[PDB]
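1. Following this: a sequence and the matching experimental structure.
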Amino acid sequence: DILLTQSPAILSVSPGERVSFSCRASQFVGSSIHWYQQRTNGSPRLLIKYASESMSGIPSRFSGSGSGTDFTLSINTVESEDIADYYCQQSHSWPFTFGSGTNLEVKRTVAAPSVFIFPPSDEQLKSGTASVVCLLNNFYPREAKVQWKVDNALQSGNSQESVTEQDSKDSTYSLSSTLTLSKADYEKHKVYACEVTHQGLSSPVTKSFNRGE
Amino acid sequence: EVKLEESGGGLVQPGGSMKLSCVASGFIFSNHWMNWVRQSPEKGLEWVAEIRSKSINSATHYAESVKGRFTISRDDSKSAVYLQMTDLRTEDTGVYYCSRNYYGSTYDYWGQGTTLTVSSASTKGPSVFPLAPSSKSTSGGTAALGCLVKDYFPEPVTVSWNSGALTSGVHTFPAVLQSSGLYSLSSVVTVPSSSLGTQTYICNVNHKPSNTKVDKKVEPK
Ligand SMILES: OC[C@@H](O)[C@@H](O)CO
């Protein structure tokens, strides 16, 4: 079987720059390399067939080239909407095989997160559990630090975080941190605080509430 | 408009069976080759099976890793292609896409995928709690609200807002596997703070393996 090596796996470029994705085949594949775009939560969409023929409706900034074993997908001026994974595929010989994909990140100016906190719902509390959620919305770059304090005691091992993939409309990330406690431990404390640090904040941001207010 | 629509994914025990279906429209189905291509974090995109036209004996071809276990078939009167999977393994977990290949070249049309999970664990439907907006989730003219979708198995759940009429500002977070073995996620939307208490916000949570379909009205606190 033919191996398609896509390296590097991550590309990070600024808007308006040209970017090139590399696909190298372990054997001659002629010109039978096809390129696909897969956006977050989406299906692969065919972009270029046979190395350099762009499909109808693909924006003109996309183009491909190459023959033999070495192939390139170019985006001559990249925009945030181009954020996705890009896969190559060979149909020179059976079975057809795909590359591992290269992810495209499009850089932007630093954006501090908006920070929001949510107390547990009355419904969940009636079930014996308290989840407290802290939302860090629409920030860049990806790195952010979230710390839970309960009556100023730093918390550990009772929270989980989830980060979205980079947004193709505005190049930002978002993050949720969920602190989960038993209703009993929730009711033994008063102040529930979320503390956020990020490149875009001049000092840590704290969002908090007093239980039962 | 070509459309491909998969269904039938879900949870199955190791060694078990499951049949996926796909219905096609927008091209002459009986002339074209229908494929299943699966995707997983470990293996990436992986061709699974192809069935070609009745005119050339409906010839079926399988990836070596599913040969003998999977059977692909088609019904041209229904514009349907099927994948019967047996002796399923943990490593068969993934998203299964229905796809057309143009006579041995490009996969030029893809469905939206259907998710298969091969696991000994049981199906559990989610509980849905509001993430209620308040001053604590207001930042200038932006307020945030959402839904906490907790303690379900397997993946996936879909969340929409106001039956899909609300898409701007929505973030549905990747699920996290809790220590319990159950998944959990939040879906949030940011809205103008002036619209709190004057506009209705309902998250529509769907978890097909447990036939949960829940609409949750999220009200200010
Ligand atoms: O979802 C956008 C939010 O920031 C509003 O304030 C704009 O209408």
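-> Structure received. Residues are numbered from 1 along each chain as shown, chains lettered A, B, ... in the order given.
2. Okay, domains of chain B per the record?
-> As assigned by curated CATH domains, chain B contains the domains B:1-120, B:121-221.
3. go on, chain A?
-> Taken from curated CATH domains, chain A resolves into A:1-108, A:109-213.
4. residues contacting the residue nearest the centre of chain B?
-> In chain B, the residue lying closest to the centroid (C-alpha atoms, centre = their mean) is residue B:114, at 4.7 Å. By C-beta atoms under 8 Å, 6 or more residues apart in numbering or on different chains, residue B:114 lies in contact with B:6-9, B:20, B:95-96. Where you see a C-beta, it was placed from the backbone N, CA and C, and this is true even at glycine.
5. and the residue nearest to it when sequence neighbours are not counted, how many neighbours?
-> What sits nearest to residue B:114 in space, not counting adjacent residues and going by C-beta to C-beta, 6 or more residues apart in numbering or on different chains, is residue B:9, at 3.5 Å. Neighbourhood size, residue B:9 [other C-beta atoms under 10 Å in any protein chain shown]: 22.
6. Repeat that for residue A:186.
-> Neighbour count for residue A:186, taken as other C-beta under 10 Å: 22.
7. ok, what's across the strand from residue 37?
-> The chain I'm using is chain A. residue A:45, residue A:86 (DSSP bridges).
8. You answered for a different chain; I wanted chain B.
-> Going by DSSP bridges, residue B:37 forms beta bridges with residue B:47, residue B:97.
9. quick one on the thing from earlier: among the domains of chain B, which comes closest to residue A:106?
-> Residue A:106 lies closest to domain B:121-221 among those, at 17.9 Å (C-beta to C-beta).
10. Quick check: buried residues in the helix or strand containing residue B:84?
-> In this assignment (DSSP states H and E), residue B:84 forms part of strand B:80-85. Neighbour counts over strand B:80-85 (16 or more other C-beta atoms under 10 Å in any protein chain shown) mark B:80-83, B:85 as buried.
11. at contact distance from chain A, anything in it?
-> No - using C-beta under 8 Å from any C-beta of the partner chain, strand B:80-85 stays clear of chain A, with a minimum separation of 15.9 Å.
12. Give me the contact list for that strand.
-> Here strand B:80-85 makes contact (C-beta under 8 Å, 6+ apart) with B:17-24, B:34, B:36, B:48-49, B:51, B:66, B:69-75, B:92, B:96, B:98, B:116.
13. Which of those are buried? Put it as a ChimeraX command.
-> Buried residues among those (16+ other C-beta under 10 Å), as a ChimeraX selection:
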select /B:18,20,21,22,23,24,34,36,48,49,51,66,70,71,72,74,92,96,98,116
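14. related to what we said a few turns ago, with just CA atoms, put the strand holding residue B:84 into PDB.
-> What follows is strand B:80-85, C-alpha atoms only, in PDB (Å, rounded to 0.1, in the frame of the first residue of the first chain):
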ATOM      1  CA  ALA B  80     -29.500   2.900  -0.300                       C
ATOM      2  CA  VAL B  81     -26.100   1.500   0.500                       C
ATOM      3  CA  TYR B  82     -25.600  -0.700   3.600                       C
ATOM      4  CA  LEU B  83     -22.700  -1.800   5.800                       C
ATOM      5  CA  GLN B  84     -23.300  -5.000   7.800                       C
ATOM      6  CA  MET B  85     -20.600  -5.200  10.500                       C
END
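15. who does that strand pair up with?
-> Strands that pair with strand B:80-85, judged by DSSP bridges, come out as strand B:18-25 (antiparallel), strand B:70-75 (antiparallel).
16. Residue B:194 is nearest to which of these?
-> strand B:18-25 (43.4 Å).
17. and stretch B:31-51, how far apart are its ends?
-> 11 Å (C-alpha to C-alpha, to the nearest Å).
18. Can you mark which positions in that stretch are buried?
-> B:32-39, B:44-51.
19. could you check the angle strand B:18-25 makes with the strand or helix carrying residue B:50?
-> Here residue B:50, judged by DSSP H and E, is contained in strand B:44-51. Interaxial angle, strand B:44-51 versus strand B:18-25 (axes from the mean of the first three to the mean of the last three C-alpha atoms, to 10 degrees): 80 degrees.
20. What are the contacting residues of strand B:44-51?
-> In contact with strand B:44-51 (C-beta under 8 Å, 6+ apart) are residues A:44, A:87, A:89, A:95-101, B:33-40, B:58-63, B:65-66, B:70, B:72-74, B:81, B:83, B:94, B:96, B:101.
21. ranges for the helices of chain A?
-> In chain A, the helices defined using DSSP state H lie at A:122-126, A:183-187.
22. So for the ligand, which of those helices sits nearest?
-> Closest to the ligand of these is helix A:122-126 (C-beta to the nearest ligand atom; 26.2 Å).
23. just checking, what packs against that closest one?
-> When contacts are defined as 3 or more C-beta pairs under 8 Å, 6 or more residues apart in numbering or on different chains; DSSP states H and E, helix A:122-126 packs onto strand B:127-131.
24. Can you confirm whether whichever helix or strand comes after the strand it packs on lies near the ligand?
-> Following strand B:127-131 in sequence order, the next helix or strand is strand B:138-139 (DSSP H and E). No - counting by C-beta under 6 Å from any ligand atom, the ligand is not contacted by strand B:138-139; separation bottoms out at 8.9 Å.
25. which element follows strand B:138-139 toward the C-terminus?
-> strand B:142-152.
26. Grab the nearest non-local neighbour of the residue nearest in space to the middle of chain A.
-> Central residue of chain A (C-alpha atoms, centre = their mean): residue A:165, 1.8 Å from the mean position. What sits nearest to residue A:165 in space, not counting adjacent residues and going by C-beta to C-beta, 6+ apart, is residue A:40, at 4.3 Å.
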